[PDB]
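Convention: sequence-line order gives letters A, B, ...; per-chain numbering from 1. Reckoned from all heavy atoms, side chains included, excluding hydrogens, waters and symmetry mates.
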Amino acid sequence: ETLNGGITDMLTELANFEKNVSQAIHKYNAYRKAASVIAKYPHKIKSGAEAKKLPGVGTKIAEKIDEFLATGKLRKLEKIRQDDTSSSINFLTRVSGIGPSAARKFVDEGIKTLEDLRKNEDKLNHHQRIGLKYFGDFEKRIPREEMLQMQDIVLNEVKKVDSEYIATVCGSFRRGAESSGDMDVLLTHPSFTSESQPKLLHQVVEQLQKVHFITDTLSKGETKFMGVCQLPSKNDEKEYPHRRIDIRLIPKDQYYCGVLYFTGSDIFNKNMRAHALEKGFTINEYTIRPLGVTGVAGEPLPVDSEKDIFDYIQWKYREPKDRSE
DNA sequence: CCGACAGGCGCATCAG
DNA sequence: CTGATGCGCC
DNA sequence: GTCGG
Ligand SMILES: Cc1cn([C@H]2C[C@H](O)[C@@H](COP(=O)(O)OP(=O)(O)OP(=O)(O)O)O2)c(=O)[nH]c1=O
Ligand SMILES: [Ca+2]
Ligand SMILES: [Ca+2]
Ligand SMILES: [Ca+2]
Ligand SMILES: [Ca+2]
Ligand SMILES: [Ca+2]
Ligand SMILES: [Ca+2]
Ligand SMILES: [Ca+2]
């Protein structure tokens with residue numbers, strides 16, 4: 001499918017090992033940055049030396065590319081693939097609510113399969129129970145057609161609670177993707193700003209629960225909701241898969257920093273925020289602030305557009321669709 | 001010789 | 001109960 | 001694991 005697919009799959013596979021098994025989050029980030037920059041690279045890689053010229057590709061990854069180009073495989077990945085404890089820790093992380101730490105603890109106590117998870121539901125917290133319950137469904141992708149139906153429902157139900165709410169579907173959907181992993185809703189309301197909860201998120205969640213769109217809750221606070229949703233199914237047909245849904249209530253005046261973050265992609269955001277540091281700024285979902293001599297953020301800069309944030313760090317403006325891999 | 005590596009919400013655990 | 005720290009996730 | 005350096 002892809003030009004350097006073998007290379008990027010390998011580096012992605014190695015990344016997952018370092019994150020899930022070794023618990024080295026920055027090694028995982030290094031492999032991702034290496035995979036990302038190679039993916040965009042428009043030439044077919046003929047050697048490890050050619051790859052090392054790209055930023056984020058060093059001596060060790062170059063050698064691994066040489067081994068991959070020569071033999072068509074990696075001995076390190078063979079060793080990891082065949083190791084049972086590694087595979088079990090790597091598998092359990094795919095369940096929503098289980099990360100590297102918990103997965104390891106489960107494997108130590110003889111829990112290595114879905115069978116073992118379902119038989120030992122008592123050992124799992126609420127977040128994890130739901131992730132286990134809809135395991136197969138959360139693995140599936142959401143067609144854009146279904147994302148449009150989900151958008152129609154959420155916007156209509158949000159309007160019915162209050163006409164001054166504005167909901168925006170971000171994520172890969174806003175980047176014009178054919179499919180998505182889940183729905184990401186960015187919410188605002190005039191009553192909530194950075195200068196001044198009133199149950200603003202609750203009322204929207206409650207109304208979406210009331211009409212049976214939202215089926216479960218993984219976690220829920222005043223600004224951030226995290227849970228499960230499902231489209232209405234017709235008569236005599238199989239039900240739609242249960243889908244992950246995130247709703248985030250960001251202050252109305254800080255919408256553009258918010259929508260920038262939640263539009264993505266993830267590696268794009270990491271690069272932008274990393275580039276902001278080198279330019280002497282710091283970016284979060286709320287603001288863009290200048291860094292002091294000791295790395296202390298100053299007062300928020302005036303942001304009106306998404307482009308404004310790009311301008312401060314001398315970046316050519318990329319439309320949502322140009323922020324993918 | 002290290003350090004930094006994006007940044008923060010919700011939830012959980014520990015020491016006091 | 002705080003405050004510090006860590007987990008899982010976005 | 002890479003860059004900074
Ligand atoms: C997971 C993750 C998300 N994000 C941001 C970018 C994402 O667009 C946003 C939440 O979107 P996600 O639903 O996490 O991912 P996505 O929508 O980009 O891709 P998919 O279609 O597979 O769901 O938050 C990060 O900056 N870093 C991360 O590690
Ligand atoms: Ca590509
Ligand atoms: Ca390089
Ligand atoms: Ca998980
Ligand atoms: Ca998404
Ligand atoms: Ca999401
Ligand atoms: Ca049902
Ligand atoms: Ca402007």
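Between A:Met183 and A:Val154 the shortest side-chain heavy-atom distance falls below 4.5 Å.
Among the protein residues, A:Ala34 comes within range of no part of the nucleic acid, since none of its heavy atoms lies under 4.0 Å from any strand. At a threshold of 4.0 angstrom between heavy atoms, the contacts of A:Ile283 are confined to the sugar-phosphate backbone, with no base atom among them. Counting any heavy atom pair closer than 4.0 Å across all strands shown, A:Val37 reaches no nucleic acid atom.
Distance, A:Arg104 CZ to C:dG6 P: 17 Å, rounded to whole Å. Going from atom CD1 of A:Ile98 over to atom P of B:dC11 covers 18 Å, rounded to whole Å.
Taking all atoms of both residues into account, the shortest heavy-atom contact from A:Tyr317 to A:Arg323 is OH-NH2, 3.4 Å.
Residue A:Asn284 has a polar side-chain atom (N or O) positioned under 4.0 Å from OP1 or OP2 of B:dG8. Residue A:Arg273 places no side-chain N or O under 4.0 Å from the OP1 or OP2 atom of B:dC5. Distances shorter than 4.0 Å separate none of the side-chain N or O atoms of A:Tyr28 from OP1 or OP2 on B:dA6. Residue A:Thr223 places at least one side-chain N or O closer than 4.0 Å to OP1 or OP2 of B:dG10. In this model, the phosphate group of B:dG7 is approached by a side-chain N or O of A:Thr282 to a distance below 4.0 Å at OP1 or OP2. Contact check, A:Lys64 against D:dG1: a side-chain N or O comes under 4.0 Å of OP1 or OP2.
Within 90° of 0 lies the glycosidic angle of D:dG5, which makes this nucleotide syn.
Between the side chains of A:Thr193 and A:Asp253, no donor-acceptor pair of N or O atoms lies under 3.5 Å. Side-chain contact annotation: A:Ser180 with A:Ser172, donor-acceptor N/O pair under 3.5 Å present. A side-chain donor from one of A:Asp216 and A:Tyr134 sits under 3.5 Å from a side-chain acceptor of the other.
Distance noted for atom P between B:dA6 and D:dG4: 14 Å (whole Å). Nucleotides B:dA4 and C:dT5 place their P atoms 14 Å apart, quoted to the nearest Å.
In the set B:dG8, C:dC10, C:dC7, C:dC7 carries the atom at the smallest distance from any side-chain atom of A:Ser101. Residue A:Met226 has its side chain nearest to C:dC9 when only D:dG1, C:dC9, B:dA6 are considered.
No cation-pi contact links A:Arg289 to A:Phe281, judged by a cut-off of 6.0 Å to the six-membered ring centre and 45° from its axis.
Tested against A:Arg32, the residues A:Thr8, A:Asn16, A:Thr12, A:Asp266 include a single side chain to side chain donor-acceptor pair (under 3.5 Å) partner, A:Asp266.
Annotation: A:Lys224 side chain contacts the minor groove (heavy-atom distance below 5.0 Å to purine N3/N2 or pyrimidine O2 of paired bases; major groove not contacted).
In DNA chain B, runs of at least 3 consecutive Watson-Crick or G-U pairs, each pair with both distances below 3.5 Å, span B:3-5 with D:1-3, B:7-16 with C:1-10.
A donor-acceptor pair is defined here as one N or O able to donate and one able to accept, closer than 3.5 Å; no such pair exists between the side chain of A:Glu178 and the backbone of A:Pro143.
Looking at A:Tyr286, its side chain has no donor and acceptor atom pair within 3.5 Å of the base of B:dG8.
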